[PDB]
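In what follows, a single structure is set out as structure tokens and then discussed.
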Amino acid sequence: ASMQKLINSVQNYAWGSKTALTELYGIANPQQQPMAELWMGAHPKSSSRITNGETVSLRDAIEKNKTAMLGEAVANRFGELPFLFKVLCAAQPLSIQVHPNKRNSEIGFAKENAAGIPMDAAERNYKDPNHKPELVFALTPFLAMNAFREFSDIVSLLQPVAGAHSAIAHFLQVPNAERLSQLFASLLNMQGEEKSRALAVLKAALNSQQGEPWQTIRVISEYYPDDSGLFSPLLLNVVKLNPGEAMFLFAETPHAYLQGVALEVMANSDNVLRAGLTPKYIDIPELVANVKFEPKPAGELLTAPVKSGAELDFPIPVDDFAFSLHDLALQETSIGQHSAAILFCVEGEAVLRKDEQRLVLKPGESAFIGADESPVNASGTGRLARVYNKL
Ligand SMILES: O=P(O)(O)OC[C@H]1O[C@](O)(CO)[C@@H](O)[C@@H]1O
Ligand SMILES: [Zn+2]
């Protein structure tokens, strides 16, 4: 068939919401498992499936017909579906992460390869010799951290906890990148009574400070009461995304998803260094070597989308994938691209038409459109999200 309704994987990671996908989309969860990620794509560990037919892996379907399904551009640039499209349901706060830049990704990938670390081992931090974009788009109000605050904001936030650690006093004395770097490494490396003393100072502050980011620290502390990452909302921008707002997650930049439901667009294979809010051991020298200690003003956090007719594009400084929202009307509009696409119903209801074939998508449902089947006409109400390739 021209248009293929997707059967998608739900990853039941423990931090997932037992209700979100069900409440929002009516996805069945009789056993009340936590449902953390809904995957739409062709990841080798869990490809989406299509039916027509028997059920086949989308990955297997693409592999047998790359140019026809991916399009020439993608078949030749990437040799596979270059994006993975997720619904994320964060019921608990997740780890602080840093994605290394292109150069350092090549090195760490090679280091781990030379060490003979299986690509799907838990020890594996680098799974791609490249850096690629990651886009998060809020479906419900979405709490997160992203990037270092302006130095003067950090100074103001650290004052109430100046006595927690000498590294904090050190930074306040000269609030610059070097000392911010030293502060970040010192906090992460706190041990024993040094650590517990610092956390005691922070906890006392939680009792005499109001509003954000103190409230976020309190929320996080319920899950990570003994984590040096509790200091992080004082260093990093805490953001509350309204539904329909999005952020691009740059290289070398600490970020964390704390609560809510979001769409995420990424590559299949990524590199992750942890920077707190984790029971895993962190290699601090490596983390610090891969972080860029420069402030990012809050006014620059959201990606500014571009509206053209019924289409709202979210421009991405990368060839690997593109992301747009399409407002549906009862009169058909053409949705076309020179690549494979995944269309996901955000809300309302979508009817997709290709000549004689019609395909209905209720919210939470998605379809794969092969490059050779573009365009399709969409009508209905609400909004359709599309991941594809602009090349
Ligand atoms: O899967 P993506 O696109 O890489 O997103 C996750 C992140 O991990 C990285 O691969 C690490 O370099 C980044 O490219 C990316 O920002
Ligand atoms: Zn990330």
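For reference, positions follow the sequence shown, starting with 1.
Of the candidates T216, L183, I217, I217 is the only one forming a side-chain contact (heavy atoms from CB on, under 4.5 Å) with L234.
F344 does not carry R383 over the face of its six-membered ring by the limits of under 6.0 Å from the centre and within 45° of the normal.
Within the 3.5 Å criterion, the main-chain N or O of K86 finds no donor-acceptor partner in the side chain of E37. Side chain of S95 to backbone of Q97: no donor-acceptor contact under 3.5 angstrom is found. Using a distance-only test at 3.5 Å, with no hydrogens or angles considered, no donor-acceptor pair links the side chain of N242 to the main chain of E245. Counting only distance, with no hydrogens or angles, the side chain of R179 and the backbone of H170 share a donor-acceptor pair below 3.5 Å. For the pair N271 (side chain) and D128 (backbone), a donor-acceptor distance under 3.5 Å is present. With hydrogens and angles disregarded, no donor-acceptor distance shorter than 3.5 Å links the side chain of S17 to the backbone of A91. No donor-acceptor pair under 3.5 Å is formed between the side chain of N237 and the backbone N or O of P297. Remark: side-chain polar atoms of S47 are paired, donor with acceptor, to backbone N or O of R59 under 3.5 angstrom. With hydrogens and angles disregarded, no donor-acceptor distance shorter than 3.5 Å links the side chain of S339 to the backbone of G71. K354 places a side-chain N or O within 3.5 Å of a backbone atom of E373 that can act as its donor or acceptor partner.
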- [ ] Mind running side-chain hydrogen bond (donor to acceptor under 3.5 Å, both in side chains) on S2 and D355 for me, showing each step along the way?
- [x] CA-CA 9 Å; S2 292; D355 297 330; 5.6 Å; no
Task: Worked check of side chain to side chain contact (heavy atoms under 4.5 Å, CB included) between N113 and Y126 - done: CA-CA 9 Å; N113 283 336; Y126 297 85; over 6 Å; no
Task: Check against side-chain hydrogen bond (donor to acceptor under 3.5 Å, both in side chains), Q182 and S186 - done: CA-CA 6 Å; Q182 294 166 345; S186 294; over 6 Å; no
TODO: Evaluate the side chain to side chain contact (heavy atoms under 4.5 Å, CB included) criterion for residues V219 and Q259: first the C-alpha distance (whole Å), next the side-chain angles of each, then the deciding distance (0.1 Å), finally the verdict.
DONE: CA-CA 10 Å; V219 166; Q259 184 186 197; 5.6 Å; no
- [ ] Could you walk me through whether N377 and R358 pass the side-chain hydrogen bond (donor to acceptor under 3.5 Å, both in side chains) test, one step at a time?
- [x] CA-CA 9 Å; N377 276 4; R358 284 175 167 267; over 6 Å; no
- [ ] Would you please test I27 and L38 for side chain to side chain contact (heavy atoms under 4.5 Å, CB included) and show each step?
- [x] CA-CA 10 Å; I27 288 173; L38 170 75; 4.3 Å; yes
Open item on the list: Run the ring pair (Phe, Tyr, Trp, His ring centres under 6.0 Å) test on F85 and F137 for me, step by step, so that the C-alpha distance in whole Å, both residues' side-chain angles and the decisive distance to 0.1 Å come before the verdict.
Closed with: CA-CA 11 Å; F85 187 28; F137 170 94; 9.2 Å; no
TODO: For side chain to side chain contact (heavy atoms under 4.5 Å, CB included), just list the numbers for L277 and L94, CA-CA rounded to whole Å, side-chain angles, deciding distance to a tenth of an Å, and then say yes or no.
DONE: CA-CA 7 Å; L277 301 192; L94 313 179; over 6 Å; no
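When all heavy atoms are compared, the tightest approach of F83 to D320 is CD2-O, 4.0 Å. Scanning all heavy atoms of the two residues, the minimum distance from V261 to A20 falls at CG2-CB, 3.9 Å. Here the closest non-hydrogen pair linking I220 and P233 is CD1-CG, 4.2 Å. Minimum heavy-atom separation, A42 to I62: CB-CD1, 4.3 Å. Here the closest heavy-atom approach between residue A378 and residue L384 is recorded as CB-CD2, 4.2 Å. Listed here is the closest heavy atom pair of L81 and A340: CD1-CB, 4.0 Å.
Inter-residue side-chain proximity for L236 and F231 is flagged as unmet; no heavy-atom pair is nearer than 4.5 Å. Two residues are said to be in side-chain contact when any heavy atoms from C-beta on lie closer than 4.5 Å; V155 and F171 meet this criterion. The shortest distance between side-chain heavy atoms of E349 and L328 does not fall below 4.5 Å. Counting only heavy atoms from C-beta outward, the side chains of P315 and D313 approach each other to under 4.5 Å. In this structure the side chain of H326 reaches within 4.5 angstrom of the side chain of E311, judged on heavy atoms. By the 4.5 Å heavy-atom criterion applied to side chains, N104 and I107 are counted as neighbours. At least one side-chain heavy atom of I335 sits under 4.5 Å from a side-chain heavy atom of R386.
Sparse packing is recorded around CD of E193, with 12 or fewer heavy atoms of other residues, nucleotides or ligands lying under 6.0 Å away. Sparse packing is recorded around NE2 of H338, with 12 or fewer heavy atoms of other residues, nucleotides or ligands lying under 6.0 Å away. Heavy-atom contacts from other residues, nucleotides or ligands closer than 6.0 Å to NZ of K111 number 12 or fewer. Counting heavy atoms of neighbouring residues, nucleotides and ligands inside a 6.0 Å radius, atom CD of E72 does not exceed 12 of them. Within 6.0 Å of CD in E134 there are more than 12 heavy atoms belonging to other residues, nucleotides or ligands. Around atom NZ of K127, more than 12 heavy atoms belonging to other residues, nucleotides or ligands sit under 6.0 Å away.
The CZ atom of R49 sits 13.0 Å away from atom CD of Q4, with the distance rounded to the nearest 0.5 Å. Atom CG of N76 and atom NZ of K66 lie 10.5 Å apart (nearest 0.5 Å). Once rounded to the nearest 0.5 Å, the distance linking CE of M247 with OH of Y257 reads 7.0 Å. With rounding to the nearest 0.5 angstrom, the OG1 atom of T333 is 9.0 Å from the CG atom of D327. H99 NE2 to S105 OG: the interatomic distance, rounded to the nearest 0.5 Å, is 10.0 Å. Note that the CG atom of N189 and the CD1 atom of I284 stand 4.0 Å from one another [nearest 0.5 Å].
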